[PDB]
Structure formats: structure tokens, C-alpha cells
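Read through the structure below, which is laid out as C-alpha cells, and then see the notes.
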Amino acid sequence: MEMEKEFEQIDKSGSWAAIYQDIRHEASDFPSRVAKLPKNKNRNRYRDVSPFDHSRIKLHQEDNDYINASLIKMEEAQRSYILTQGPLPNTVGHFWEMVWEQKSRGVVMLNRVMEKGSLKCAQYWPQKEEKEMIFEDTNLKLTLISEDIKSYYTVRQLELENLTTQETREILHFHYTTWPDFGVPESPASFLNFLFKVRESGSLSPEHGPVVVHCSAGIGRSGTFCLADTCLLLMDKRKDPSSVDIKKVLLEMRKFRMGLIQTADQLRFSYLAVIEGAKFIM
């Protein structure tokens, strides 16, 4: 079926929970053996969210190459993304090592450091120009260059320096600050505006390494972001935009990381975002 009318048909019939459970039933299951080794227990935020072995990002280190991060490679859309958990106190150095080694330009953050009274990820970037961060385990330096605070999101320019080689690079930090503590946004308008700002920067483009995107577990809000981007790109590329089947795209993405889209509300919101975004394109 088309998307907008399949949408109303699920609303009127109130079957979002049944649709979403079908997806969960059909989703791929692959091994995640490296993630479950005992030496990696303090590298995982949640015991039920692990990267598949076939698609995990490997650190270029011979001691322990493990990080909780996955490469989602979308062949027809010609887009790649790295989805990862919010960094932990003992993995902030691994996180920036990954950014460096994969040649990423941008980092997309869809959570706040504290939500619901608890810490959802480490304070992994510097908050003042004159107070830079050094990560001694991976030999990197990180400096805040500038910050632009808007009503729904903040953009930061950062400098990352490989202290071994003295090479430097500019990284863009796109921080969506207004997702609600419970549920999903009422309108997709500010989320879509945010996505367009990430696109306009060049961070999603083939001349760079894949964008790194995260929330707390790296599957829910993060899944919404890449599912919406990929679906809109396919609607531009294809002769028949109504042929784009969001459930099929989501199942393709779940071949690369488990659990993408965590609730039926997030699924409905993803439909809404793609339906509204397609118009604005023309």
C-alpha cells in the first residue's frame, strides 16, 4: 500500500502494536559473540543491546578492538551510517578513536546527558573553549571552537587532534536537545528541520566517512533518524515514490543492528516524519 493511506488505515483500526510486533517477529537474528565476552562487560551500556559480529565497527587496536557500534550500509539509497550507544565513562576515548579512524565529519546526538533524573551518556565533549579534553588511552585531544544554540538544537564546531601524528580535523556536533523524556514529539517539524541541517553540512555525503549517530542505547531515536533519511532519499531517486515501503526498509536496516525503533509510537512517528518530509521536498 502507499504510505499516507496505510497510515490512516492503521490509525482508524488502532493496530500499531500489531504492526510493530510483526516487525519484531520477522527481524533478523545474527550472532553477537564478541559483545558478550566477559572482558567487554564494562563496554556495554545495556545487556540486551549488542552489535552483530558481521557488522560491528572494529577499533584499530590489537589489545581489544571492541566498541558497541554498527555499520548500517544501505545499498540502493547509497547512504551509510554508524549507529552507537551513548559513550560510557570508560569508552569516551574509544568513541573519539572510532570517529578518527572511520573519517567521520559529523556526530549526531539525539539525547540529553541527564534524562528522567539519571545519566544517559557521559559528558564526552568540552563545554568551554579554554578547557580542552585529552583522552590518554587513545592519544587524542578535543577542543571546542564555537557553539550555536537554537530553540530545538545546538550545533558545535570541534577540533580533534591525533597527538601521535599532530594531524587535526574539524568535527561538527549536531545535538537535538528537545526530544521529550516520555513518548515522541507531537509534530515532526523540528526533527525534519534538524535532519535538513545535518544534510546541508555535508556530514551525510560520500566524500566523508559515515556519520556517527547515537542516543542512549543507539537503537530507538537513532533508528528513527536513519530510517527517515533513507526513506526520503529513496522517494527522490525512484520513478514511483509511492513504492517506498517503510516497513521493508526498517527490516533491511535491522539486518545490520538489532532493535531499531523501540516502540509502536516511534514507528508511527517515523511514518509521520516521512509523510510530511516528502511534501516539503516537492
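In this analysis, Cβ positions are derived from the backbone assuming ideal geometry, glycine residues included, and neighbour counts consider all displayed protein chains. Read-outs: derived from the displayed coordinates by stated rules, not from any lab.
Between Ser205 and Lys239, how many nm apart are label points set 7 Å from Cα along the C-beta direction?
Simple spin-label model gives 3.0 nm for this pair.
Kirkwood Rh over Cα pairs of the range 137-282 into Stokes-Einstein at 4 °C, 1.567 mPa s: D in µm²/s?
In µm²/s, the coefficient rounds to 77.
Hey, what do the phi angles of the range 206-213 turn into as Karplus ³J(HN,Hα) couplings, whole Hz, using 6.51/-1.76/1.60 and θ = phi - 60°, x for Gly and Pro?
For the range 206-213, the Karplus-derived couplings read x, 6, 10, x, x, 5, 9, 10 Hz, x marking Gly and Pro.
Give me the Å³ per residue figure for the convex hull around the C-alpha atoms of the range 161-213.
113 Å³
Per residue and in Å³, how big is the convex hull formed by the alpha-carbon atoms of the range 74-152? Kindly include the intermediate steps, with their values, before the conclusion.
Details: hull volume 11.7 nm³, N = 79.
It comes to 148 Å³ per residue, whole-number rounded.
Spelling out what I want: for every residue of the range 2-9, take phi, set θ = phi - 60°, compute 6.51 cos²θ - 1.76 cosθ + 1.60 (Karplus), and round to whole Hz; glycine and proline get x.
4, 8, 5, 8, 3, 4, 4, 5
Per residue of the range 36-51, what does 6.51 cos²θ - 1.76 cosθ + 1.60 with θ = phi - 60° give for ³J(HN,Hα)? Whole Hz please, x for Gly and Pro, Karplus curve as stated.
These are the phi-based 3J(HN,Hα) values: 9, 4, x, 5, 9, 5, 7, 9, 10, 6, 10, 6, 9, 10, 9, x Hz.
If you take the charge dipole of the range 225-266 about its Cα centre, with +1 on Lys and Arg Cβ and -1 on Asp and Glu Cβ, which of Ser243, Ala264, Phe225 is farthest toward its positive end?
The listed residue farthest towards the positive side: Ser243.
How much of the DSSP beta bridge set in the chain is antiparallel, as a percent to the nearest 5?
Restricted to the chain, the bridges split so that about 75 percent are antiparallel.
Any idea what the dipole of the range 1-135 comes to, in debye rounded to 20, about its Cα centre with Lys/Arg Cβ at +1 and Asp/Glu Cβ at -1?
The dipole of the range 1-135 has a size of about 640 debye.
Along each of its three principal axes, how wide is the spread of alpha-carbon positions in the chain, in whole angstrom units, largest first?
57, 41, 40
Cut-off is 10 Å between beta-carbons; in what order do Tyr152, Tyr81 appear when sorted fewest neighbours first?
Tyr152, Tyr81
In the Gaussian network model of the chain, springs joining C-alpha atoms below 10 Å, which of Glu207, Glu62, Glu75 carries the largest mean-square fluctuation?
The residue with the greatest mean-square fluctuation here is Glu62.
Would you mind listing how long the range 113-160 runs along its three principal axes, going by Cα atoms, in whole Å with the largest first?
Principal axes ranked by extent give 33, 25, 15 Å for the Cα atoms.
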